[PDB]
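Next up is one chain by itself, shown in structure tokens, the form deposited without 5-methoxy-1,3-benzothiazol-2-amine.
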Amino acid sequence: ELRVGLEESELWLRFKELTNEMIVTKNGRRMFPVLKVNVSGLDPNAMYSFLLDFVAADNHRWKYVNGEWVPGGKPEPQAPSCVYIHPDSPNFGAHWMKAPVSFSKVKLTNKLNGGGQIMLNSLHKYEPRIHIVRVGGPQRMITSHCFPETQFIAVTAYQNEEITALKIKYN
């Protein structure tokens, strides 16, 4: 049975309970904390790619008003984000199960850009999601997993200094 678990969930929970923020820049900014995923129950010999994308958690624009995040009143459809292919992809089940799969090199941007970077809408709330795609084999197969604990608002600068302080303390 394919088990997918969040590494350092205790750290992510400190961020979530303050409302997490991730910087987006024109050229793209790496994530802290990094999404790290513990995977077991793959076929050690089968061949898989690991994909990361970001679900808009709601259809609203958020704003930091009097020290608190509040949703706008005017929801718009949020298009699904583009997918980031983990650079170790494609790779054997054994490669993925031997250490946490770490998405340390994904860069979050607010502008349609060359390559690699994932474009997110500023002041939208996002839920990281992975897809494990069985490749090359006869039967293609996808398993998807969400990480509620890793939800964040995409921001061009930090609003809640409590987040700034946690980022610096643990980076």
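C-alpha atoms forming the largest set that superposes within 1.5 Å between two forms make up the rigid core. Sequential numbering from 1, following the sequence displayed.
Root-mean-square C-alpha deviation from the shown form, taken over all structures in 6 other deposited structures of this protein superposed by the rigid core, is larger for 138-146 than for the alternative among 138-146 and 124-132.
The stretch that moves more in 6 other deposited structures of this protein, judged by CA deviation after a rigid core superposition and choosing between 97-105 and 80-88, is 80-88. The deposited model assigns a higher average Cα B-factor to 114-122 than to the other stretch when 26-34 and 114-122 are compared. A summary of the deposited B-factors shows that, of 100-108 and 130-138, the stretch with the larger mean C-alpha value is 130-138. Within the group 56, 146, 65, 51, the record's highest C-alpha temperature factor is found at 65. Per the deposited record, the Cα B-factor of residue 3 falls in the highest third when ranked against the other modelled residues of its chain. When all modelled residues of the chain are sorted by CA temperature factor, residue 10 is found within the highest third. Among the modelled residues of its chain, residue 78 has a C-alpha B-factor that falls in the highest third according to the deposited record. In the deposited entry, the Cα temperature factor of residue 72 places it in the highest third of its chain's modelled residues.
Another form exists, deposited with 5-methoxy-1,3-benzothiazol-2-amine bound; not displayed. Remarks below refer to it.
Among heavy atoms of residue 57, none comes within 4.5 Å of 5-methoxy-1,3-benzothiazol-2-amine in the deposited bound form. The closest non-hydrogen atom of residue 120 lies within 4.5 Å of 5-methoxy-1,3-benzothiazol-2-amine in the deposited bound form.
Contact annotation for residue 99: none of its heavy atoms lies within 4.5 Å of 5-methoxy-1,3-benzothiazol-2-amine in the deposited bound form. Using a 4.5 angstroms threshold between heavy atoms, residue 94 stays clear of 5-methoxy-1,3-benzothiazol-2-amine in the deposited bound form.
Residues 77, 78, 79, 80, 81 are the ones in 59-86 with at least one heavy atom within 4.5 Å of 5-methoxy-1,3-benzothiazol-2-amine in the deposited bound form, listed in sequence order.
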